[PDB]
Amino acid sequence: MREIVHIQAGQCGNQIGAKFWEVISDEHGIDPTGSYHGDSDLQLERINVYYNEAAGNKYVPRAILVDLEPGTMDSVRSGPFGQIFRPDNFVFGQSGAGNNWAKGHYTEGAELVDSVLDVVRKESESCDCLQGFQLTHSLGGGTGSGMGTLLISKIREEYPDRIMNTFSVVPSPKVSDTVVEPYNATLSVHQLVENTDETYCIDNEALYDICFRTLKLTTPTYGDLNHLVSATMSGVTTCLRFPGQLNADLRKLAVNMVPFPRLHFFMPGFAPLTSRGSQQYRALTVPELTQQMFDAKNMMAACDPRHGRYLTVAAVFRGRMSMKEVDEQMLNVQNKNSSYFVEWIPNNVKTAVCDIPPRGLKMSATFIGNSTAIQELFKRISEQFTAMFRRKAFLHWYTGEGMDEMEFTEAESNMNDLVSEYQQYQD
Amino acid sequence: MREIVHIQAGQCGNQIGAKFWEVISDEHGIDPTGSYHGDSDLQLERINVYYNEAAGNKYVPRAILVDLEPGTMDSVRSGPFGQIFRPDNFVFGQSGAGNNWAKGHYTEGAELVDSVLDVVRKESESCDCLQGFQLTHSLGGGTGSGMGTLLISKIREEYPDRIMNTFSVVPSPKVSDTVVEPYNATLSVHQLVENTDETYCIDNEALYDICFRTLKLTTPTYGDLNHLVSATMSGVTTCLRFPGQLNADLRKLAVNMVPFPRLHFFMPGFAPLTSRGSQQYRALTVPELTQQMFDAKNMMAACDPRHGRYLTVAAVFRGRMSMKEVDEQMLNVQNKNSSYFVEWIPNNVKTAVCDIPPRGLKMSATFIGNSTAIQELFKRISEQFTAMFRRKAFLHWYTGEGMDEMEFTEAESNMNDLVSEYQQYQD
Amino acid sequence: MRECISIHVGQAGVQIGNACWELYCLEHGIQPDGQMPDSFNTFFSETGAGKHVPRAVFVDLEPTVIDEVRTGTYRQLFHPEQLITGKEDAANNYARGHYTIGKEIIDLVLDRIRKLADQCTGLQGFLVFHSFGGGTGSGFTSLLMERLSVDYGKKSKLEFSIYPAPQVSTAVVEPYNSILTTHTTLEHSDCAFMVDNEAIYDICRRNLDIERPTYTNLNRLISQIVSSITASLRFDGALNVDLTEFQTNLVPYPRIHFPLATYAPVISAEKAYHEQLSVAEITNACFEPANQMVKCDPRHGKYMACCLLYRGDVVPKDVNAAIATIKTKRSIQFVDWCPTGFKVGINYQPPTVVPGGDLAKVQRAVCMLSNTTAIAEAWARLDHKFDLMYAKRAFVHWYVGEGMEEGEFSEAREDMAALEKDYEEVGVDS
Amino acid sequence: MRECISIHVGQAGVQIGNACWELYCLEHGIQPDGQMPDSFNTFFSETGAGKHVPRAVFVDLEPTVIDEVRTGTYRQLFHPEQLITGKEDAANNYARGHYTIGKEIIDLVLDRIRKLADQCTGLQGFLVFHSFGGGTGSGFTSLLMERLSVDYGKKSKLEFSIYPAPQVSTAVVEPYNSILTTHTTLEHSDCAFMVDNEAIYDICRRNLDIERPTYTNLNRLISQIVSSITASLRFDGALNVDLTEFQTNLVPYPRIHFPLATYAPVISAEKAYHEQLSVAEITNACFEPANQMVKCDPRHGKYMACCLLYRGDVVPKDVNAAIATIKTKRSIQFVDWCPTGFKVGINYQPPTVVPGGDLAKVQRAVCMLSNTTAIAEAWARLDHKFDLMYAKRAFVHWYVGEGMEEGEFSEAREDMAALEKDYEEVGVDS
Ligand SMILES: Nc1nc2c(ncn2[C@@H]2O[C@H](COP(=O)(O)CP(=O)(O)OP(=O)(O)O)[C@@H](O)[C@H]2O)c(=O)[nH]1
Ligand SMILES: Nc1nc2c(ncn2[C@@H]2O[C@H](COP(=O)(O)CP(=O)(O)OP(=O)(O)O)[C@@H](O)[C@H]2O)c(=O)[nH]1
Ligand SMILES: Nc1nc2c(ncn2[C@@H]2O[C@H](COP(=O)(O)OP(=O)(O)OP(=O)(O)O)[C@@H](O)[C@H]2O)c(=O)[nH]1
Ligand SMILES: Nc1nc2c(ncn2[C@@H]2O[C@H](COP(=O)(O)OP(=O)(O)OP(=O)(O)O)[C@@H](O)[C@H]2O)c(=O)[nH]1
Ligand SMILES: [Mg+2]
Ligand SMILES: [Mg+2]
Ligand SMILES: [Mg+2]
Ligand SMILES: [Mg+2]
């Protein structure tokens, strides 16, 4: 009954993935050994969405861990919750991809990918009715980006009628940790445009801003950043995992949020978010959550929503709440902020409510916005790509892996077209 | 009531044989002295299939141990379980055969064989209704191959209406331990084609692959390899030894699996097979067993079943299981993998179920597949034979034992014909 | 005899149905396990000894909502085979409901319905509960209604529908679903009671003094209306209205079968003590726009027929007086082709109230079902909404993917335009 | 008097027989040791004091299945000489069953049967249980049937057969065995009830809510059917059916002796509480394809005769009503040469249920035995299967080895073709 298959590719993908798994096990009352020690029958009712049931009262993540480097795998296995994963679901190379999309997509990744495919087929067979796939990775490196994209293509070919979801961490110029990021992102974005049904644009810069400005966190770590992403991930599939008053799964969300096939790039947000000191001076109420969610400072993509228009927003609420209140607050936001919503889609907001709140909170919210302002993210990337490509800088490496210049030209064109399309509907 | 007579010829045959005996005694609750110390009445009910009852509450294997070298015999007698065997059932030469099929078949073996024949006649007389014979050996050496074949011929002449089964370990080029293997195999294969009713093609290479890849065993030994073979052997005759819901003995299996007289070369498989670490992350269920069994990586012959078609598969299940489930899983496999099954034999799968599972497991499965892909094994061997025979390399030794070139020509022709026949039905 | 079969489709339908069945149980003294420590037979089959089973089928394309019922308080009330669930929902897509996903479950549900109907000896007809906006509530229900119409023919079908609001809309694609279901609703339904969540919310806040009304509050209220409709079959009083009777009175032309329901009095325990809730008063309150179940202005429309269904301590004479008073009120106008537009029912049983409910216990209540031209306004706004989105073909591709054709949309819109025009026509005086 | 002799052949026959004998014991209050702390005499001989012995012979060519019986719970019920076992089985080979292996044991079994029959003073006939697919169930049974036909002549022989499934087939050579046994079954059997494991499995999953039904589940169900058939002899009620009577009613032409059996109601303890399992309902359920014991479509066939055997709290009038209702159902068509196609039996004893069984205890049950043309479809698929394999002469050599001739196969196929044609003919209207 509606199983999701999880895939983690490259370092970032793996680490965020681990965080996601940790949170989800806690949520469903699963301990580091795979045993259920929860309180409520609701925690086990839909356990099969994310876990396969093994012999002797144990649960194992329907998760595939992929990397061209074994170090990441080792790190995962040695982590808290590392032992819950199926040993046969770790699919690793020995070499690494050296921040080269071509190595990940055409060379080393190509050699690797068949094992992964074999694993995932088995994982699909195991599930009674697989609704689809969730891939966590980055677009700026070689494995997550090149290998990941390749894997996606393969998956879609074999499962063309299933939902294909990605949580893609994009490279920003402020927090620019690598040189060839523009290339890797450009190449991967293109592929994503044709083969994913929904893509959550996660930005490290935005995460840092959230941590520093909102969470008041003097020294955020990648772990802390990852936590935010994990929360967001949990939010989307809450309706699949628990009961509720109004329920929307992955498909329902896509259908309401994607009016044209290409426009499936979301700016996610999560509410509430408070400092430890500033927690006592707040109201645990729906109007507050709503206020938080639509704010630009709470979006996980480095784009100003006020620089574009919202095509659609999907809001997913967790906790015991008044439907009327939710409906009033959502109507208020669209009436007051009329100018930030496209006028040819009346009721730009879709609402879903799950009765089970996350741990530690009485209420929570997850926001998925499809904004034309996401073009900003792509534009910057394009610019950076141009800056390098105009001089054919670092191209030789990619060509050594069998790539031609023409592919670069194509990808760039494609991305530009996508950008244009978004602009068109923005008006 | 349906006694089986066991014969072990040459080193390999002896060692595998020993393993087989060890497992079977454990299964039937027999200790190293021959005394029954089991729990269940079912363990003794059909004890007479493999054991003769001696004076004073003791059981002795209906086993004949044959070798041209006494070292092997010594090794057996000194082993754990060595003392259970009848001293008069060890029939040994002093010289050895020096990896020469001719010495085993025409010379030393000829001199030896009459003693063996005398023993086996007595063993037949002892049993109330002997259903037939099981011979364990290799085709690549001199004793097991030449002497073994000779023995088979002799047996069949005297017992033409009895079932003649062999567990034959074939030489592979990857794990090529000897030079004249191609010759010995070719000569023996020919003989086997005319005189055995069913032949289990066991391959060392495949065993190693199983051990390394599936069992995750860093340093497999021959003992470990032998264990697998022993398990398979036990599987086939489970229906003769225990009660069940649907029962198939050696004859029933042959009749369902062999549509034409010559096509009696099986690729065996055994399920389940797991690492010690990966044991906790699995489901003890029939769908899983089924999944394991039909996989190419779990076949004990170095042939890809996807390179041919299945003429027939016989599946033997041990443990308390739902018949419906078994029937559904077997139908599913044939419907989904339609292209790997010959279309002119509807319901290519035969099922048998024994209620008594092996020790340590709640359920187990043994697979016997008659695949046209077995031609690959023969083809390689043929090629190797040709490579040597074209230059008459090492022939002089064989001719010194009375052999003529013409025999070689005949054997090669015969094997080629067999290969052609398999190809024909593959289509 | 006189049985009514209830069909509850999709989330909304299921949840309303739960409330309804809670209410029926309380009304007939049936415990949540089916035991009762007669008229109840209109809603319940009776088996063996100390067991009563609802004459109902619950359907959803997803398991979640029905799964609650299975686990929950009334798990023993329904037999498992009457609670029908698929694996994947219609994802707010009419096409998925009517075709792709619905075609897998429809036969099964029909078979069960037939089995249920065979057990009833005086079938009055069907009560169908569903939303207009959801893919299952629209697409599946539409399909189901067609099949029922085919199989059963001249049996009366009454559908209670959660029609989407002007402002308070929860999904984006609602107007598409609403338009598509309406087309089929026209030909296969005999009477359709539209209801609007926004209106219910307003009522709960204004009349019941509830700060934060949730769906549970709405559903309870909705169930009451259904009870009023079926009380004439489940009890007996001075003046009685059967379903056929109701149809005859309330429906002047075949297509014009969209009455608005309104219930009175809806009051709090404390607020009611002070009020002197007379027959005249409640009747007067019925014809006021603020107590309506659909957002729209009757003052801007004309009445064609009203059924007034009274229950509890009521006598004919005072009902007559109330009607007379209503006649003399200039702001309530009736069309000239209806010299008397009042069908009146009076039943002896006072409305029973659900423990922990929002409504206070009253000696008398009334449910008015009135066919007014004013409801056409709702259709106009919905049509307008549809027209914008369709101008850009927004979301259309999804529907096409699941086998729907673009021409169907246009057809549906045309049908609704024609219906609005028909409604306009009946309005005008000669 | 009125004895029936049961013969259980091969594994399947033995295992069904075990279930049957468990059921009979429970029905007559006979303990597993033969002691009973009258009508039971139809199934049991009585010896000396406090001992009853089944009028049965159990035969297999291998010892394993019978050995279980000897060791097991009912070891004292049967005397050792009634449990007959060879050493080697027929290995799914008809030839081995009928000739090579069977010729060694047949005389012995016949002698024992004769001894058994001499003890009975009013022999009604034989109940023969066996599979169509196994070498013993086919080859041995065929042989045995011939001999019985010769020795006894005009005694009625009724065979209950596990006919192979379309999809769910356990052996490769099944079609050969099935075809070969059918040829002999035609001439030497008076009535043959075919049964299909796949259908039983479906029933167990759908109607009994069993995730994983095993052979023990099937066998129990099968035994119930036999009990219904023989209840008219083992008890007495308002309307009675003897075996000869049954034959007269159900068999319109000598070759057309293949009725399909169906049993109602098959329900779980919890699922049954809610259902109001009336006579009309159960009767209706009988004529539905989903509850059939053979996989095939009656909607695509025509009924020639149906026997309805009711048991428990049933009266004639309501049976008549049910029959009338069935008559008016267009989807159930009867041939024009049968103006009334209903033989009806009613027995007072409710079905007794085996402790730890899958079926719930009911006040009334029914076994319908109906001769429909639809069963011919099974034969068609089996024939098709046979034809493929024979095209290549696959496995044929084995049969030849054991003394069978190729011409026999062809003969058998021809016979079945002729039978199918006959079945077609009777179908058509004039
Ligand atoms: N939000 C997070 N960002 C991360 C994390 N780890 C790395 N990154 C960011 O991602 C980029 C580096 O990506 P990766 O290590 O994932 C490249 P990958 O291992 O997939 O391929 P290779 O090129 O083979 O190393 C960069 O922007 C890092 O700053 C993390 O745990 N969280
Ligand atoms: N799977 C196993 N393979 C074995 C074992 N012992 C030997 N062999 C393999 O068999 C081949 C050697 O065969 P043998 O020692 O049996 C030759 P044999 O003693 O029968 O005759 P001689 O020619 O007189 O030595 C070779 O491929 C070995 O690698 C064993 O215990 N298990
Ligand atoms: N009055 C009321 N309205 C409801 C309730 N539940 C959902 N709705 C409304 O129904 C519409 C959504 O349709 P649903 O019934 O949830 O959808 P569905 O029929 O299950 O269709 P899918 O989920 O798309 O398969 C919205 O207008 C909701 O406001 C309820 O309990 N009461
Ligand atoms: N319904 C049912 N079918 C059975 C049972 N046991 C075996 N079968 C079916 O019977 C057929 C196999 O025939 P068996 O009765 O086992 O074979 P046999 O008559 O013993 O013949 P041989 O063993 O070949 O001598 C298959 O179709 C099985 O599915 C049982 O207990 N119940
Ligand atoms: Mg890396
Ligand atoms: Mg040696
Ligand atoms: Mg829904
Ligand atoms: Mg048998």
# chains A, B, ... in the order shown; residues from 1 in each chain; ligands from 1

call {"tool": "residues_near_ligand", "arguments": {"ligand": "ligand 1", "cutoff": "6 Å", "atoms": "only C-alpha atoms and all ligand atoms", "output": "list in words"}}
result
residues 10, 11, 12, 15, 16, 96, 97, 98, 99, 100, 138, 140, 141, 142, 143, 144, 171, 177, 204, 222, 225 and 226 of chain A

call {"tool": "write_last_selection", "arguments": {"atoms": "C-alpha atoms", "output": "PDB file, in the first residue's frame"}}
result
ATOM      1  CA  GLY A  10      26.968  10.954  -3.332  1.00  0.00           C
ATOM      2  CA  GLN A  11      28.186  12.438  -0.018  1.00  0.00           C
ATOM      3  CA  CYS A  12      25.562  15.156   0.503  1.00  0.00           C
ATOM      4  CA  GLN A  15      24.307  12.531   4.813  1.00  0.00           C
ATOM      5  CA  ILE A  16      20.962  14.281   4.373  1.00  0.00           C
ATOM      6  CA  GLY A  96      35.289   8.532  -6.632  1.00  0.00           C
ATOM      7  CA  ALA A  97      34.219  10.955  -9.432  1.00  0.00           C
ATOM      8  CA  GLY A  98      36.499  13.924  -8.704  1.00  0.00           C
ATOM      9  CA  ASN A  99      33.719  16.581  -9.032  1.00  0.00           C
ATOM     10  CA  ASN A 100      33.296  15.496 -12.661  1.00  0.00           C
ATOM     11  CA  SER A 138      23.475  17.599  -5.019  1.00  0.00           C
ATOM     12  CA  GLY A 140      27.362  20.537  -8.037  1.00  0.00           C
ATOM     13  CA  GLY A 141      29.543  17.445  -7.650  1.00  0.00           C
ATOM     14  CA  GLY A 142      30.159  14.379  -9.774  1.00  0.00           C
ATOM     15  CA  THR A 143      28.404  11.386  -8.146  1.00  0.00           C
ATOM     16  CA  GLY A 144      25.132  12.800  -6.845  1.00  0.00           C
ATOM     17  CA  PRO A 171      25.212  25.342  -5.732  1.00  0.00           C
ATOM     18  CA  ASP A 177      32.936  25.400  -2.399  1.00  0.00           C
ATOM     19  CA  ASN A 204      22.883  25.716   1.388  1.00  0.00           C
ATOM     20  CA  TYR A 222      26.080  20.595   8.025  1.00  0.00           C
ATOM     21  CA  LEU A 225      21.434  22.246   7.926  1.00  0.00           C
ATOM     22  CA  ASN A 226      20.599  18.649   7.054  1.00  0.00           C
TER      23      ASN A 226
END

call {"tool": "residues_near_ligand", "arguments": {"ligand": "ligand 4", "cutoff": "6 Å", "atoms": "only C-alpha atoms and all ligand atoms", "output": "ChimeraX atom specification"}}
result
/B:246 /D:10-12,15-16,89-92,131,133-137,162,164,170,197,215,218-219

call {"tool": "write_last_selection", "arguments": {"atoms": "N, CA and C atoms", "output": "PDB file, in the first residue's frame"}}
result
ATOM      1  N   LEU B 246       2.972 -32.891  -0.637  1.00  0.00           N
ATOM      2  CA  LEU B 246       3.077 -33.388  -1.996  1.00  0.00           C
ATOM      3  C   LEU B 246       4.480 -33.974  -2.145  1.00  0.00           C
TER       4      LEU B 246
ATOM      5  N   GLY D  10      -4.571 -43.125  -4.134  1.00  0.00           N
ATOM      6  CA  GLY D  10      -3.423 -42.207  -4.234  1.00  0.00           C
ATOM      7  C   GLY D  10      -3.391 -41.171  -3.128  1.00  0.00           C
ATOM      8  N   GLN D  11      -2.394 -40.281  -3.158  1.00  0.00           N
ATOM      9  CA  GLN D  11      -2.239 -39.225  -2.135  1.00  0.00           C
ATOM     10  C   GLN D  11      -3.473 -38.356  -1.924  1.00  0.00           C
ATOM     11  N   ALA D  12      -3.954 -37.757  -3.009  1.00  0.00           N
ATOM     12  CA  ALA D  12      -5.086 -36.842  -2.981  1.00  0.00           C
ATOM     13  C   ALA D  12      -6.310 -37.533  -2.399  1.00  0.00           C
ATOM     14  N   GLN D  15      -5.992 -38.190   1.261  1.00  0.00           N
ATOM     15  CA  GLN D  15      -6.009 -37.003   2.132  1.00  0.00           C
ATOM     16  C   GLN D  15      -7.438 -36.467   2.245  1.00  0.00           C
ATOM     17  N   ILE D  16      -8.155 -36.455   1.114  1.00  0.00           N
ATOM     18  CA  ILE D  16      -9.595 -36.096   1.099  1.00  0.00           C
ATOM     19  C   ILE D  16     -10.359 -37.053   2.011  1.00  0.00           C
ATOM     20  N   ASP D  89       5.778 -45.987  -6.112  1.00  0.00           N
ATOM     21  CA  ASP D  89       4.625 -45.257  -6.669  1.00  0.00           C
ATOM     22  C   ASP D  89       4.576 -45.328  -8.196  1.00  0.00           C
ATOM     23  N   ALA D  90       3.549 -44.735  -8.798  1.00  0.00           N
ATOM     24  CA  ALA D  90       3.407 -44.706 -10.253  1.00  0.00           C
ATOM     25  C   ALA D  90       4.148 -43.543 -10.921  1.00  0.00           C
ATOM     26  N   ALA D  91       4.830 -42.719 -10.118  1.00  0.00           N
ATOM     27  CA  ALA D  91       5.727 -41.647 -10.598  1.00  0.00           C
ATOM     28  C   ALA D  91       5.120 -40.735 -11.677  1.00  0.00           C
ATOM     29  N   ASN D  92       3.873 -40.310 -11.468  1.00  0.00           N
ATOM     30  CA  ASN D  92       3.091 -39.441 -12.401  1.00  0.00           C
ATOM     31  C   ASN D  92       2.943 -40.028 -13.774  1.00  0.00           C
ATOM     32  N   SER D 131      -7.146 -38.295  -7.795  1.00  0.00           N
ATOM     33  CA  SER D 131      -6.802 -37.169  -8.638  1.00  0.00           C
ATOM     34  C   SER D 131      -6.792 -37.640 -10.078  1.00  0.00           C
ATOM     35  N   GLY D 133      -4.553 -36.172 -12.271  1.00  0.00           N
ATOM     36  CA  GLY D 133      -3.146 -35.933 -12.665  1.00  0.00           C
ATOM     37  C   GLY D 133      -2.045 -36.913 -12.273  1.00  0.00           C
ATOM     38  N   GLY D 134      -2.188 -37.597 -11.136  1.00  0.00           N
ATOM     39  CA  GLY D 134      -1.183 -38.522 -10.652  1.00  0.00           C
ATOM     40  C   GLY D 134      -1.249 -39.849 -11.379  1.00  0.00           C
ATOM     41  N   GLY D 135      -0.132 -40.564 -11.385  1.00  0.00           N
ATOM     42  CA  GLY D 135      -0.049 -41.854 -12.051  1.00  0.00           C
ATOM     43  C   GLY D 135      -0.939 -42.903 -11.401  1.00  0.00           C
ATOM     44  N   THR D 136      -1.070 -42.854 -10.072  1.00  0.00           N
ATOM     45  CA  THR D 136      -1.910 -43.786  -9.309  1.00  0.00           C
ATOM     46  C   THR D 136      -3.356 -43.347  -9.434  1.00  0.00           C
ATOM     47  N   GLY D 137      -3.633 -42.089  -9.095  1.00  0.00           N
ATOM     48  CA  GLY D 137      -4.973 -41.518  -9.208  1.00  0.00           C
ATOM     49  C   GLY D 137      -5.579 -41.707 -10.590  1.00  0.00           C
ATOM     50  N   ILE D 162     -10.121 -34.539  -8.368  1.00  0.00           N
ATOM     51  CA  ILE D 162      -9.353 -33.304  -8.350  1.00  0.00           C
ATOM     52  C   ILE D 162      -8.798 -33.110  -9.757  1.00  0.00           C
ATOM     53  N   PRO D 164      -7.226 -31.052 -12.912  1.00  0.00           N
ATOM     54  CA  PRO D 164      -6.151 -30.056 -12.905  1.00  0.00           C
ATOM     55  C   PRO D 164      -6.600 -28.652 -13.300  1.00  0.00           C
ATOM     56  N   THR D 170       0.665 -28.342 -10.739  1.00  0.00           N
ATOM     57  CA  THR D 170       1.842 -28.726  -9.944  1.00  0.00           C
ATOM     58  C   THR D 170       2.813 -29.689 -10.644  1.00  0.00           C
ATOM     59  N   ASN D 197      -8.628 -27.152  -7.703  1.00  0.00           N
ATOM     60  CA  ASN D 197      -7.932 -26.579  -6.530  1.00  0.00           C
ATOM     61  C   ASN D 197      -7.839 -25.054  -6.527  1.00  0.00           C
ATOM     62  N   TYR D 215      -3.827 -27.507   1.634  1.00  0.00           N
ATOM     63  CA  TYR D 215      -4.621 -28.659   1.202  1.00  0.00           C
ATOM     64  C   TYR D 215      -5.623 -29.093   2.251  1.00  0.00           C
ATOM     65  N   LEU D 218      -8.758 -27.161   1.756  1.00  0.00           N
ATOM     66  CA  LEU D 218      -9.512 -27.668   0.620  1.00  0.00           C
ATOM     67  C   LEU D 218     -10.301 -28.940   0.965  1.00  0.00           C
ATOM     68  N   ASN D 219      -9.578 -29.910   1.518  1.00  0.00           N
ATOM     69  CA  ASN D 219     -10.098 -31.237   1.796  1.00  0.00           C
ATOM     70  C   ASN D 219     -11.317 -31.173   2.688  1.00  0.00           C
TER      71      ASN D 219
END

call {"tool": "residues_near_ligand", "arguments": {"ligand": "ligand 8", "cutoff": "12 Å", "atoms": "only C-alpha atoms and all ligand atoms", "output": "PyMOL selection string"}}
result
(chain B and resi 239-240+243-249+251-252+352) or (chain D and resi 9-15+59-66+85-94+96-97+130-140+171)

call {"tool": "select_by_dssp", "arguments": {"residues": "range 98-274 of chain A", "states": "alpha helix (DSSP H)", "output": "count of residues only"}}
result
84

call {"tool": "residues_around", "arguments": {"residues": "residue 332 in chain D", "least_positions_apart": "3", "cutoff": "10 Å", "atoms": "only C-alpha atoms", "output": "list in words"}}
result
residues 287, 288, 298, 299, 300, 301, 302, 303, 326, 327, 328 and 329 of chain D

call {"tool": "write_last_selection", "arguments": {"atoms": "N, CA and C atoms", "output": "mmCIF file, in the first residue's frame"}}
result
data_model
loop_
_atom_site.group_PDB
_atom_site.id
_atom_site.type_symbol
_atom_site.label_atom_id
_atom_site.label_comp_id
_atom_site.auth_asym_id
_atom_site.auth_seq_id
_atom_site.Cartn_x
_atom_site.Cartn_y
_atom_site.Cartn_z
ATOM 1 N N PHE D 287 -25.870 -20.056 -7.626
ATOM 2 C CA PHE D 287 -25.854 -19.874 -9.077
ATOM 3 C C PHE D 287 -24.900 -18.772 -9.570
ATOM 4 N N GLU D 288 -24.043 -18.294 -8.656
ATOM 5 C CA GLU D 288 -23.035 -17.262 -8.933
ATOM 6 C C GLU D 288 -21.696 -17.921 -9.275
ATOM 7 N N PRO D 298 -20.296 -20.209 -15.995
ATOM 8 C CA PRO D 298 -21.681 -20.638 -16.263
ATOM 9 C C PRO D 298 -22.508 -19.664 -17.106
ATOM 10 N N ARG D 299 -22.203 -18.364 -17.021
ATOM 11 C CA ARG D 299 -22.881 -17.308 -17.801
ATOM 12 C C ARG D 299 -22.760 -17.563 -19.298
ATOM 13 N N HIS D 300 -21.665 -18.218 -19.685
ATOM 14 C CA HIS D 300 -21.369 -18.615 -21.062
ATOM 15 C C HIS D 300 -21.866 -20.025 -21.406
ATOM 16 N N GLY D 301 -22.436 -20.726 -20.413
ATOM 17 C CA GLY D 301 -23.042 -22.062 -20.585
ATOM 18 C C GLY D 301 -24.544 -22.090 -20.300
ATOM 19 N N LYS D 302 -25.155 -23.263 -20.432
ATOM 20 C CA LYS D 302 -26.585 -23.420 -20.156
ATOM 21 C C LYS D 302 -26.800 -24.573 -19.204
ATOM 22 N N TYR D 303 -27.737 -24.402 -18.266
ATOM 23 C CA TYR D 303 -28.062 -25.443 -17.272
ATOM 24 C C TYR D 303 -28.999 -26.483 -17.870
ATOM 25 N N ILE D 326 -34.991 -17.743 -8.982
ATOM 26 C CA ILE D 326 -33.903 -18.188 -9.860
ATOM 27 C C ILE D 326 -34.417 -18.257 -11.305
ATOM 28 N N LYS D 327 -35.644 -18.761 -11.474
ATOM 29 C CA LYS D 327 -36.267 -18.887 -12.788
ATOM 30 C C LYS D 327 -36.336 -17.550 -13.504
ATOM 31 N N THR D 328 -36.645 -16.477 -12.779
ATOM 32 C CA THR D 328 -36.850 -15.156 -13.342
ATOM 33 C C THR D 328 -35.561 -14.372 -13.626
ATOM 34 N N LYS D 329 -34.429 -14.920 -13.186
ATOM 35 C CA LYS D 329 -33.086 -14.355 -13.451
ATOM 36 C C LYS D 329 -32.483 -14.738 -14.827
#

call {"tool": "interface_residues", "arguments": {"of": "chain B", "to": "chain D", "cutoff": "9 Å", "atoms": "only C-alpha atoms", "output": "ChimeraX atom specification"}}
result
/B:1-2,129,131,240,242-261,312,321-325,327-328,330-331,343-352

call {"tool": "interface_residues", "arguments": {"of": "chain A", "to": "chain B", "cutoff": "10 Å", "atoms": "only C-alpha atoms", "output": "number ranges by chain"}}
result
A: 34, 52-56, 58-60, 84-88, 122, 125-126

call {"tool": "interface_residues", "arguments": {"of": "chain C", "to": "chain D", "cutoff": "10 Å", "atoms": "only C-alpha atoms", "output": "list in words"}}
result
residues 34, 45, 46, 47, 48, 49, 51, 52, 53, 76, 77, 78, 79, 80, 81, 115, 118 and 119 of chain C

call {"tool": "select_by_dssp", "arguments": {"residues": "range 97-285 of chain C", "states": "strand (DSSP E or B)", "output": "number ranges by chain"}}
result
C: 125-131, 156-163, 191-196, 239, 260-264

call {"tool": "closest_residue", "arguments": {"among": "B:119, B:23, B:419, B:175", "to": "ligand 2", "atoms": "only C-alpha atoms and all ligand atoms"}}
result
B:175

call {"tool": "residues_around", "arguments": {"residues": "range 187-200 of chain B", "least_positions_apart": "6", "cutoff": "6 Å", "atoms": "only C-alpha atoms", "output": "JSON, numbers by chain"}}
result
{"B": [145, 164, 165, 166, 167, 264, 265, 266, 411]}

call {"tool": "residues_around", "arguments": {"residues": "residue 109 in chain C", "least_positions_apart": "6", "cutoff": "9 Å", "atoms": "only C-alpha atoms", "output": "VMD selection string"}}
result
chain C and resid 57 59 82 84 144
